[PDB]
């Protein structure tokens, strides 16, 4: 089908980062994942920040509107949908901080239905085209099995809702998936695939502060000359997924819009101590703050990896440049993969230095993106302004 362009919009971005949904170049994406909803012990899914999500008024949002109305970033996401009919939005549930919360609701049938019903409720009230589940990660086979059951329960609730509105759209079920063999090898990949529209493979965080040696954090291919610099590779993951029965065109390659740093290092693949500063938190740098003054950039086109290194501070930052992004685009194209996904929208550069723009153009452009109309009708929404299509 065409290629997908998937981005994570993080709801805490509206604070210190100053990134609002209005700043998204909507025409370069097919799918926005709104992160992150949290999970109650009952299985009930709920919004993590009602201020950012529903309450904050933006310019254009009236104070005096009749009826029960939604504002926040949810309204802004619907506005984007109205204006770009090829743009779909999904409610992303879980993520790193919240993943502890999956195990208990997921272990029972009651828990699983509460999850499914409450997530569907959120979807149809807030105007989303589907839900994305990011359990990072199922610790073992039991959990992996429960996760398959969780997916089934959600897929049934979705379909049941579509059945209630035969002429309306179908809805999406998506997940973020592991690139590390020790995590994906315990999942029942072929089983899960039956329920999903597509797989956003988290092909990044291959290295970080948790290691003892500086490594490439999102490279495609392993290094034969320096194996220590590539603990992982996305190619290993993609190939294993396909062997397990997952179709290449349903796998979306996750790409970092940030870099991880290593301090007091002689270079890639050597020991390091500490991670230095960061754009917002230590050890992590936004792509848009790169390159750092005094750092030299090295591009390993063959393994598709890049990093900066400042000889004087002995500081290493593993992150992708435009060159390397075009190389990952190459890879998506060559292997007929489902598209590109990025974490996350606040940190890309604009214009010709944008990693997202580089990949979309390397995919043949916006015309080669999957064309699938989003859903604007939400007749069962509790929110007046949304079910009326945000007339205002």
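Residue numbers count along the first chain shown, from 1.
Q: Which is higher on average in the deposited entry, the C-alpha temperature factors of 107-115 or of 284-292?
A: Taking the mean B-factor of the alpha carbons in each, 107-115 is higher.
Q: What stretch has the higher average Cα B-factor here, 274-282 or 219-227?
A: Looking at the record's C-alpha B-factors, the answer is 219-227.
Q: If you check the C-alpha B-factor for each of 374, 371, 377, 11 in the entry, which is highest?
A: Most elevated C-alpha B-factor of the set, per the entry: 371.
Q: By the entry's C-alpha temperature factors, tell me which of 79, 244, 154, 175 sits highest.
A: Answer, based on the entry's C-alpha B-factors: 244.
Q: Can you tell me which third, lowest, middle or highest, the CA B-factor of residue 353 falls into for its chain?
A: Answer is highest: the recorded C-alpha B-factor places it there.
Q: Check where residue 171 lands among this chain's C-alpha B-factors and tell me if it's the lowest, middle or highest third.
A: It belongs to the middle third of the chain when residues are ordered by C-alpha B-factor.
Q: Within this chain, which third does the Cα B-factor at residue 49 fall in: lowest, middle or highest?
A: As the PDB entry reports it, the C-alpha B-factor of residue 49 lands in the lowest third of its chain.
Q: Would you please rank residue 163 by its C-alpha temperature factor against the other modelled residues of its chain and give the third it falls in: lowest, middle or highest?
A: Highest third of the chain for residue 163's C-alpha B-factor.
Q: Sorting the chain's CA B-factors, does residue 190 end up in the lowest, middle or highest third?
A: Tercile = highest for this residue's CA B-factor.
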